[PDB]
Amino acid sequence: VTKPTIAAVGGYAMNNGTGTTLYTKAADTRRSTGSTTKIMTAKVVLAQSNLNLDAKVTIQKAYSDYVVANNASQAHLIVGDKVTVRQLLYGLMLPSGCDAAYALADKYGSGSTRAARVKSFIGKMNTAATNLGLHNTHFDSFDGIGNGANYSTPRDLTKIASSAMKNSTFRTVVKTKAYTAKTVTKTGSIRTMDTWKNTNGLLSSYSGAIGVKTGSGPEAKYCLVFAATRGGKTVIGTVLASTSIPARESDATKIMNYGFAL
């Protein structure tokens, strides 16, 4: 059809299976990523050699005080509770839990203090980007809150998502609309947390939708990394700095419809 007009200042889409570019709009112009940064955190974790999805992590007061201070989005994890790595991945990706991101960084970074392990974890995120051969991506935080040193591009981010989608656990989490965690309490009892719902509205509005993660920030504005399959063909892409929640959703709908019609 005809190229669609979108509100996002940055946009990109490709055939996930072949790598062929389908849509472009300032595809290689660097911008702030906000919470879309959490896609890489999940990717690094899932690639750890010492990965055990059933391993349990104790929620520290630090994770809790962190979201309060930066008034970040959270999964409402309760300090004292024991949560598995698998549950933390759902907490990170669905409601966009920055408290979960912190817990994952602290667990998989290497070092003797929490401060040292987060530093090491962020170093791992950048190494992963270099290994993907990226040139316009740099991380300064494990969640996207950090600073102006936290940037990427619509093309770079799409390649990061495509790489993560190669992991079945990642694909499973990302297409999940709702998840309810049953955690272990400080005294040993089982707690049913309030249900977590995925912030990505395409999972319900766009048929074939299968991913992947919304994002936002004071500088990043409204972002979304999307993916969908139809006729055995899957297009994956990114939209950076759209003007609102609904606008970001139609931007992506428009790009995907165009990509499938090419």
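Start at 1 and count along the sequence shown; that's the residue number.
Of the two segments, 146 to 154 and 98 to 106, the one listed with the higher mean B-factor is 146 to 154 (C-alpha atoms only). The question of which stretch, 211 to 219 or 66 to 74, has the higher mean Cα B factor is settled in favour of 66 to 74. Across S120, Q87, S163, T187, the greatest Cα temperature factor reported in the deposited entry is at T187.
Across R171, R114, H135, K177, the entry's maximum B-factor at the CA atom is seen for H135. The entry lists a Cα temperature factor for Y206 that places it in the highest third of the chain's modelled residues.
Ranked by C-alpha B-factor against the other modelled residues of its chain, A7 falls in the middle third. Per the deposited record, the Cα B-factor of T24 falls in the middle third when ranked against the other modelled residues of its chain.
When all modelled residues of the chain are sorted by CA temperature factor, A181 is found within the middle third. For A13, the recorded CA temperature factor ranks within the lowest third of the chain's modelled residues.
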